[PDB]
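First, one chain by itself: the form deposited in one PDB entry, in structure tokens.
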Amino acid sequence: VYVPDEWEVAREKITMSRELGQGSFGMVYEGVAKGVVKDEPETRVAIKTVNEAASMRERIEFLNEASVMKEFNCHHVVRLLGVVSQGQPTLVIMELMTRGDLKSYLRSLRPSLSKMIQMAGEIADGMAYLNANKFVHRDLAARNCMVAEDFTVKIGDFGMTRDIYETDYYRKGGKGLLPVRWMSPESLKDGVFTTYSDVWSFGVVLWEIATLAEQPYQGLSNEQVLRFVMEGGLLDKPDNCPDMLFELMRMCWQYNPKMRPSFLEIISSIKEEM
């Protein structure tokens, strides 16, 4: 079951404007919520819906997954603003990131060390907060980073393929969709997901920033990426890559998870030369 709480909003307060994409449990909308925030009468929102076709078990799964976000207070993680458990459809309301995901943003720029370093620090800020709170993201990638009106980068999750980035995922038959080009050697081999496997992924995100979001390991198939990465292979230095940004990547791609820096260590090294 699920017990309604202080996060509950009256369905009458949410109007739905247009659709943004598909989503795991149903349709995702851009909308407006009324008195959901202090000193702000209306708020532009993202609405995640449970498909009306979905079962009882899966409506409660959805609510209990999204309740994890009630614990979070980091301006660098997309913020939950409210739930609607009562009646149909079942909604969760969230901060609207008006400039979309970081991969689309990067591809549309088809920047300086300072902008790349800023974007990196903001990403490392949300991930440090999540990892400290026992939250291992498991799909950290530019496509899951969101960009606000003010150009702030936040950690989100725009499910797992929206079709748009369907080449980013490998179907391991029955298993499911794996983002293999972002996965650490211990994740690929043993299904080990830790803070250290999030740090590996962050290195791939830095490579995505430096290449304006090229596909990692372009011209290797999904199975060749597995073999290459498990046997100690590394992405090449992006063209025009500043030294500092590539040193950070390499730190993140130590084969032994224990030799990688923590997100806190990454924020320190970034701040020390800002």
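Here the rigid core means the biggest group of C-alpha atoms that line up within 1.5 Å when the two forms are laid on top of each other. Residues carry their position along the shown sequence, with the first being 1.
Form deposited in another entry: not shown, discussed below.
Residue shifts between this form and the one not shown, rigid core superposed: of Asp243, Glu223, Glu52, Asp239, the only C-alpha displaced by 2 Å or more belongs to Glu52.
A displacement of less than 2 angstroms separates the C-alpha positions of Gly121 between this form and the one not shown, with the rigid core held in common. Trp207 is not among the residues whose C-alpha shifts by 2 Å or more between this form and the one not shown once the rigid core is aligned; its shift stays under 2 Å. In this overlay on the rigid core, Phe158 has a C-alpha that sits 2 Å or more away from its partner position between this form and the one not shown. Put simply, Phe158 and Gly126 come closer in that other deposited form: their C-alpha atoms are 3 Å or more nearer than in the form shown.
Between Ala128 and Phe158, the Cα spacing is smaller in that other deposited form than in the shown form, differing by no less than 3 Å.
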